[PDB]
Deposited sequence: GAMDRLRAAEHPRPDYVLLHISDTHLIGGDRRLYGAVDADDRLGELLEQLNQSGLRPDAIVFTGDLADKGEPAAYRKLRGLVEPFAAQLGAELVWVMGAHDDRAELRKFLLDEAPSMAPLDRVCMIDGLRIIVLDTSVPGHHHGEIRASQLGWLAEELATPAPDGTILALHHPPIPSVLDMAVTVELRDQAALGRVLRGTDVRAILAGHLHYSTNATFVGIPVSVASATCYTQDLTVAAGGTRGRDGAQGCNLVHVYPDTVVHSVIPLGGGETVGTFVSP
């Protein structure tokens, strides 16, 4: 069976060792001869949101993605800094506004939502983001939508995880329910985890410091854990 799309789902890189942990993964997938349509990094890109760490991340990852002709999709995590990421990763003017973005890969919509709260480890989605997201999803994409965020909308199966979890999930669920979101890609957790949120599959990739392969079929989305 040939997939419609192939995505790479990497998370929690924590760059400031994390340098060659990520380095060796890149080449391992380069050497596997895999050619994904997109590489999605679901947060905690930089451990202390450092300019130097973003620069370094960009030099390591951009060549890798260009070779495979793959779209790079960056997501804000709790440890990141919105302004330094915009500045040193995206070549955009600095702003503390949520890193929310829409990205079409042929017929597939990828939506990047920012669940980060500046200077806080927990997760939240602000009213303006739910409005933005609702408006966007009112138009169905041909091959449906992948949602990429940091803090996963799933129950916390550990206590030291509850204080840093994504808050007010009911609001998100009200917006996602009945739309064309087919899968939710998330990070934060540091162990591979899957569940559903309002009927939608949630897949959380483990920390880098393995990752997930994502094959998008016409009728299903397959997530596989690569050690």
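Unmodelled regions of the deposited chain sequence (numbering from residue 1, in sequence order): 1-11, 28-37, 231-249, 268-280.
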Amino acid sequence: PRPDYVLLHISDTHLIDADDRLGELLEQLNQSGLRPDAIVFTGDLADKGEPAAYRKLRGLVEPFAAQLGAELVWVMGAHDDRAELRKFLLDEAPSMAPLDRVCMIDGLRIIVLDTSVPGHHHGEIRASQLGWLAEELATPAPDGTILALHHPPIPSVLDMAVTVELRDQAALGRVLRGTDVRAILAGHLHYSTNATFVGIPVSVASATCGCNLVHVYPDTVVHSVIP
From here on, numbers count along this sequence of modelled residues.
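For the pair 190-198 and 158-166, the mean B factor over Cα atoms is greater in 158-166. 214-222 and 5-13 differ in mean CA B-factor, and the higher of the two is recorded for 5-13.
Residue 58: CA B factor in the highest third of modelled residues in this chain (values from the PDB entry).
Ranked by C-alpha B-factor against the other modelled residues of its chain, residue 177 falls in the middle third. Remark: residue 84 belongs to the middle third of its chain, ranked by C-alpha B-factor as recorded. Ranked against the other modelled residues of its chain, the C-alpha B-factor of residue 184 as given in the entry falls in the lowest third. Per the deposited record, the Cα B-factor of residue 148 falls in the highest third when ranked against the other modelled residues of its chain.
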